[PDB]
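Comments concern the structure below.
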Amino acid sequence: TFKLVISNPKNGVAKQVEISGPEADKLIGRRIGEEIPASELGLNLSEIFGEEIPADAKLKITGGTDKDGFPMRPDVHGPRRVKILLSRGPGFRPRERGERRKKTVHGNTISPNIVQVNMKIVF
Amino acid sequence: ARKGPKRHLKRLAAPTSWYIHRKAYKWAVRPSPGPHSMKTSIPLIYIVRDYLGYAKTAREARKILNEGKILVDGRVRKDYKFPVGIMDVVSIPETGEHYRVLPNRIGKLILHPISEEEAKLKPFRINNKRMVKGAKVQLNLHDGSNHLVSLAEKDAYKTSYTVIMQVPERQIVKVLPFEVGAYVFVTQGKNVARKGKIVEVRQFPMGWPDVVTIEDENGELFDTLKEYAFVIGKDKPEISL
Amino acid sequence: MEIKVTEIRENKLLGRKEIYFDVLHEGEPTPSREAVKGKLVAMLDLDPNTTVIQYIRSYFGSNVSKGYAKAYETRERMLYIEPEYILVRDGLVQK
Amino acid sequence: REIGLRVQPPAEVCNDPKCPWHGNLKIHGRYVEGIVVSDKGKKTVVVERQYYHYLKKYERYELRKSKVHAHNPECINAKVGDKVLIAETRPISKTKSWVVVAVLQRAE
RNA sequence: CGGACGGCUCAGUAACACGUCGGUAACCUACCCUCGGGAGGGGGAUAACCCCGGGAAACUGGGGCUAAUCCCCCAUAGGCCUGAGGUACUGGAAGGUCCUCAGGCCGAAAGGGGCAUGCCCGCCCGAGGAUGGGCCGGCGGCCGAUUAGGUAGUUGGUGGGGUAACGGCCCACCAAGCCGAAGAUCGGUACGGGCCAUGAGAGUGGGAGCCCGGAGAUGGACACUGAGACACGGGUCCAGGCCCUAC
Ligand SMILES: [Zn+2]
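Protein chains in written order, with the authors' numbering: chain Ah, 3 to 125; chain Af, 2 to 242; chain Aw, 1 to 95; chain As, 2 to 109.
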């Protein structure tokens, strides 16, 4: 079960929806930086985004969040967790010059441990 | 343990050249770096407040200072930490007052009142010399200031001579050399604030400074160091002591 | 009570007249700020405003107290230089 | 170069840049006289001098000795027994900060 | 911009840690002063703000829009190395500064803000000083021989690396030196001084409170940012202790 936040870089609006069942299993194994059609999952965008969006449009996975509140970092390979002592973003906000803190992040791959998934519409 | 420089100063640790009460309080104004040294200078707020008595607190002193009502060497000074030193001139034009800063026979600094005519001149002691790009000569003076001169007239400026200069615009007049008949005013040591004429110089080997003998007008002789002998005249003074 | 001015002093930078005076009260208590101000202004031709009393002080056995007063040219320079606690203590400002 | 001590230079020459004469080493500070005690190292000498310390309680004195290690150039090649003059300089090794400048009297 | 000061304590340390005299011609320095010179031409992102959020929390994700005394790039000044000459400066004394030539690496800047019809506060380079520090040296100050030999990068040299800088500080090679009965090494106790108590004085004893210096922030080790820290109220790990939890 996933909550999709689908955002358009055309108007600046986003919509939240749900996905459950076998159409969800098409995401597990996928990574950040990979493109996916919208019908592959079982939803059309003119229905929900509002007025009209053409067909043929695909979606790009940009981020996500684990069920415990730990976000995904593209440059960390795997569907697992890590503590890495990073210095910038995503997944930490410095609040000072030269500040570093060892943080808990999820990896570059999607897994059933996830709740949130951020998608960007491509044109 | 200390990880850096100091920013405070306690009153029991203040230099002896000051007229200050050491037990009344715990804290003193730490001067800021500037022209003179710490053992040879006193800030401005102490002058405004404890010497002349134009203020009883420090807010009032800051307030008069931030309005250009006090000058030092013909220049406005708004910083209550600025160090004032020997041969410097304090001017209040709203009261017509002009003072020259000098030490006592005890080693403490005072204010000698002078006139508006002599308030426009300041003597300087040449403390070193350098050659800088453009083939020019740079004289390094005794207040940490500097002057530029051409190569053609380098032999006329040496490392103990004295130079009189209009203070604000900083133009030279009346160089004075270091010879065997020049008038002198001692600035540090055991014989501070004395005055007389030079008699003899003496050099020594391998790092030890040079010594000079002096004769006061009562006829008595006394020695001191050559860097402590400020030259102010040839046969008589040019300023008021 | 008698009031005897010992010293007046001029200040051009802050714009004030500083006044050191003695009070003589033989057999009476230490007088009040209102009375001392009244006498000062009556005797030196000053404004009941633009004038503050910094302190009235009594000593061990003297029957002779001392005072310090300041007279300003302008109420503006006054409110700018002087702090508020003496102004309230005198009555020239309401907290 | 004529270093500032008013002694006479040696009647030799060296290429070592660690010699006050003939080289780039510069001297400053104090200078003393002593006697050579040992020269078993290469271009290194051990110098000794003596003085008297005073005991305030017993109103008497006490002879004390002082040892230093000094650089020894090859134009001025001192040996055990020489009365010599040493001067202070920058740290040359772990235990050497003085240098020999002139032999005042050579032993037999 | 500042938080590296101030404030607390006396564990460790018998040491160039402290005191005093000297030195750096072997070094660094934001705020400050003086003098001499400069501000040319282009580009970019991103917080706040709007849409949608997730997690028990602590914390934190995606998309759109935007500015600077924010960030980046060209140029010119300037910084550093080396070689060959000239000898103008200081100094007690030039592996220093200045002049000329040559071959090369790095490489600035905010004419911004305010008042006003020029004044106030400011930006960058250089030469010097001041302020504050790092390093070196001579002298000086406990007890123990039921502790007598210790040291093996240990002592020096030649050549180099690295440091802000000299240096076995570290490395490669050649030698056999260094300390010691005037007591080394080892062990014990202990922050050092100005000072204090006592005594006729010589002298004996102590050194918590105030000042100057040093060291530490539960034990120990390691790093980032900055002129400056291996950083009490900032970071990482191990050990040992405690707390919240929806585990
Ligand atoms: Zn030689």
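Ideal Cβ placement from N, Cα and C applies to all residues, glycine included.
- For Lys41(As), the closest of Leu86(As), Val104(As), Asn78(As) by C-alpha to C-alpha distance is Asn78(As).
- In terms of Cβ geometry, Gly109(Ah) and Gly80(Ah) form a close pair [threshold 9 Å].
- Counted as a single uninterrupted DSSP element, the beta strand (DSSP E) harbouring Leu122(Af) occupies residues 122-126.
- Under DSSP, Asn147(Af) forms a beta bridge with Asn141(Af).
- For a cut-off of 8 Å, the C-beta gap from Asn49(Aw) to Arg16(Aw) is around 14 Å, too long to register as a contact.
- Contacts with chain Af at 9 Å (Cβ-Cβ) include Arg7(As).
- CA-CA distance, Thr214(Af) to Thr163(Af), rounds to 18 Å.
- Burial is judged here by how many other beta carbons sit within 10 angstroms of a residue's own beta carbon; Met132(Af) has fewer than 16 and is exposed.
- Put simply, of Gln167(Af), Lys137(Af), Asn147(Af) the residue whose alpha carbon is nearest the alpha carbon of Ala153(Af) is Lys137(Af).
- Residue pairing by DSSP puts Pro39(Ah) in a beta bridge opposite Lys60(Ah).
- Closest option to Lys12(Ah), judged by alpha-carbon separation, among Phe4(Ah), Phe51(Ah), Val119(Ah), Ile38(Ah): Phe51(Ah).
- Across the set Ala35(Aw), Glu18(Aw), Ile19(Aw), the C-alpha of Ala35(Aw) shows the shortest separation from the C-alpha of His25(Aw).
- Inclusion of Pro44(Af) and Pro84(Af) in the CB contact set at 9 Å is warranted, their separation being smaller than that value.
- In this structure, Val14(As) has its CB closer than 8 Å to one or more heavy atoms of ligand 1.
- For the 9 Å CB-CB criterion, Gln189(Af) and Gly108(Af) form a contact.
- Under DSSP, the beta-bridge partners assigned to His113(Af) are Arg101(Af).
- Shortest gap from the CB of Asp17(As) to any heavy atom of ligand 1: under 8 Å.
- Between the alpha carbons of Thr3(Ah) and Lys85(Ah) lies a gap of roughly 26 Å.
- Taking 7 Å as the Cβ-Cβ cut-off, the region 9-33 of chain Aw approaches chain Af at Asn11, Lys12, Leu13, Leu14, given in chain order.
- Separation of the CB atoms of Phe21(Aw) and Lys4(Aw) is rounded to 6 Å, and the pair is thereby assigned contact status at 8 Å.
- Counting only Cβ-Cβ distances below 9 Å, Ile81(Aw) has contacts in chain Af at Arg60, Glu61, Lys64, in chain order.
- Residue range 32-39 is occupied by the beta strand (DSSP E) that includes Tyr32(As).
- For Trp22(As), the Cβ falls inside the 8 Å cut-off from some heavy atom of ligand 1.
- By the Cβ-count criterion, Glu7(Aw) is exposed, with fewer than 16 other Cβ atoms from all chains shown falling within 10 Å of its own Cβ.
- A Cβ of chain As is located within less than 9 Å of the beta carbon of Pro206(Af).
- Taking the Cβ of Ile77(As) as the reference point, at least one heavy atom of ligand 1 falls within a distance shorter than 8 Å.
- If you draw a straight line from the Cα of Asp90(Aw) to the Cα of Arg57(Aw), it comes to about 15 Å.
- Among the residues of chain Af, none has a CB under 9 Å from the CB of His72(As); the nearest is roughly 18 Å distant.
- Taken through DSSP and simplified to helix, strand or coil, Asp90(Aw) comes out as helix.
- In the three-state reduction of the DSSP assignment, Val202(Af) falls in the strand class, which pools E and B.
- Proximity of the beta carbon of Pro16(Af) to ligand 1 is not indicated: no heavy atom of the ligand is located closer than 8 Å.
- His99(Af) is a Cβ neighbour of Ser116(Af), given a cutoff of 9 Å.
- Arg95(Ah) and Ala16(Ah) have their alpha carbons spaced roughly 24 Å apart.
- The criterion of a C-beta distance shorter than 9 Å is not satisfied by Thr64(Ah) and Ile116(Ah).
- Secondary structure in the region 4-63 of chain Aw: the alpha helix (DSSP H) runs of 4 residues or longer, each lying completely within the stretch, are 33-44 in chain order.
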